[PDB]
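Protein chains in written order, with the authors' numbering: chain B, 201 to 304; chain A, 1 to 104.
Heads up, the beta-carbon is just placed ideally off N, CA and C, and yes, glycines get one too.
There are 2 protein chains.
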Amino acid sequence: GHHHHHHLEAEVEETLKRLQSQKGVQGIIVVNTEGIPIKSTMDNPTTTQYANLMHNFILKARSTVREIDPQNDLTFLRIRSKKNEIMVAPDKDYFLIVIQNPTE
Amino acid sequence: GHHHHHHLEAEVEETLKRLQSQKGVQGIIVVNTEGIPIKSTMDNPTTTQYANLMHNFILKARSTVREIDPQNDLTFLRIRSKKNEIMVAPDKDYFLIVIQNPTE
């Protein structure tokens, strides 16, 4: 029913595969829930910058989304910008972060 | 094409129209950056909560997106949750905020 935990490893392999299939992507940054970049189509220095910082922004995002009332929990935090896109999906074990071009 | 636009205010009418055409939406909250809900398919108390708070979260989002390095500026801040989806598009003068059901 509700998203707590699944057969993670298979779901991750599926989704990671799918993240590779979504064309327009420039740099996949798949990190553990603490910001550990397991796979990366983006530079290591760059992943180090984004993974830890974005995690902390996510922590805040959790705080503001919940600040209203414990109605909403963060399922996707997808930020789109001019140069590139930064899609961050909070998972309970992972974070599917993908830097893509400004294509939906 | 960034200094020369086709329209400006007509763009809002277009986009607002289009925001109504995206089936799955529950509450459109279109606000000025001033924090003024001009149109709303959402309850006034609820829009008051989200409009001002989210604006301040956006201020922070601007800070953190720029904290990395001035490489991008916030074009879309779209948050998807369990209860609902909260899509926030930073505009020149507006913020296109739309509470929708987060369709997979």
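Rounded to whole angstroms, how far is the Cβ of residue i from the Cβ of residue j, which I believe are closer than 8 Å?
{"i": "residue 228 (chain B)", "j": "residue 240 (chain B)", "result": "7 Å"}
{"i": "residue 297 (chain B)", "j": "residue 212 (chain B)", "result": "The pair is not a contact, with the Cβ atoms about 13 Å apart (cut-off 8 Å)."}
{"i": "residue 79 (chain A)", "j": "residue 277 (chain B)", "result": "6 Å"}
{"i": "residue 84 (chain A)", "j": "residue 26 (chain A)", "result": "6 Å"}
Where DSSP assigns a beta bridge to residue i, which residues make up the other side?
{"i": "residue 32 (chain A)", "result": "A:36 and A:94"}
{"i": "residue 81 (chain A)", "result": "B:274"}
{"i": "residue 225 (chain B)", "result": "B:300"}
{"i": "residue 89 (chain A)", "result": "A:96"}
For a quick check, are the C-beta atoms of residue i and residue j less than 8 Å apart?
{"i": "residue 94 (chain A)", "j": "residue 33 (chain A)", "result": "yes"}
{"i": "residue 87 (chain A)", "j": "residue 71 (chain A)", "result": "no"}
{"i": "residue 3 (chain A)", "j": "residue 35 (chain A)", "result": "no"}
{"i": "residue 73 (chain A)", "j": "residue 282 (chain B)", "result": "yes"}
{"i": "residue 268 (chain B)", "j": "residue 8 (chain A)", "result": "no"}
Apply the 10 Å Cβ neighbour rule to residue i and answer buried if 16 or more other Cβ atoms are within range, or exposed otherwise.
{"i": "residue 303 (chain B)", "result": "exposed"}
{"i": "residue 14 (chain A)", "result": "exposed"}
{"i": "residue 61 (chain A)", "result": "buried"}
{"i": "residue 243 (chain B)", "result": "exposed"}
{"i": "residue 237 (chain B)", "result": "buried"}
{"i": "residue 290 (chain B)", "result": "buried"}
{"i": "residue 251 (chain B)", "result": "buried"}
Report yes if the C-beta of residue i is less than 7 Å from at least one heavy atom of the ligand NAP; otherwise report no.
{"i": "residue 43 (chain A)", "result": "Absent from the structure shown: the ligand NAP. Ligands present: none."}
(request) Please list the residues of the stretch 54 to 84 of chain A that have a C-beta atom closer than 9 Å to any C-beta atom in chain B, keeping them in chain order. (result) 54, 56, 57, 60, 61, 64, 65, 67, 68, 69, 71, 72, 73, 74, 75, 76, 77, 78, 79, 80, 81, 82, 83 and 84
(request) Residues of the stretch 235 to 252 of chain B with a CB closer than 9 Å to any CB of chain A: list them in chain order, please. (result) 249 and 250
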